[PDB]
């Protein structure tokens, strides 16, 4: 029950941090090209149901990463893995209406928000 939810959060955390380190190894133009894409942050992220606001951004996230031009199949497999464990945590269908903030954010702030999100809930389960 709890270890199952904890494990799915650790698989989701592993995918998110893999993108962060992939961003840190990008060229300065490639990084600048990534930061020109807008990402919407949820106004609240304290429950598993708030992962719906992460799922709705996986298609923009994949489109942003493919602008760097490293590898289209690797980006496809990592974002698909995120979509798998997000649906495993908050449900297979859309049952929550997300409320996003007025200000957009870069891909760095986007990943840092959900990484801290996964790490927070894991600490309460462990």
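Positions refer to the first chain, counted from 1.
Q: Do the C-alpha atoms of 76 to 84 or of 23 to 31 have the higher average B factor in the entry?
A: 23 to 31 has the higher mean C-alpha B-factor.
Q: Between 52 to 60 and 66 to 74, which has the larger average Cα B-factor in the PDB entry?
A: Higher mean C-alpha B-factor: 66 to 74.
Q: Per the entry's values, where does residue 102 land by CA temperature factor relative to the rest of its chain, in the lowest, middle or highest third?
A: Ranked within chain, residue 102 CA B lands in the highest tercile.
Q: Just say lowest, middle or highest third for the CA B-factor of residue 95 relative to the other modelled residues in its chain.
A: As the PDB entry reports it, the C-alpha B-factor of residue 95 lands in the lowest third of its chain.
Q: Would you mind ranking residue 89 by its C-alpha B-factor against the rest of the chain and naming the third, lowest, middle or highest?
A: Ranked within chain, residue 89 CA B lands in the middle tercile.
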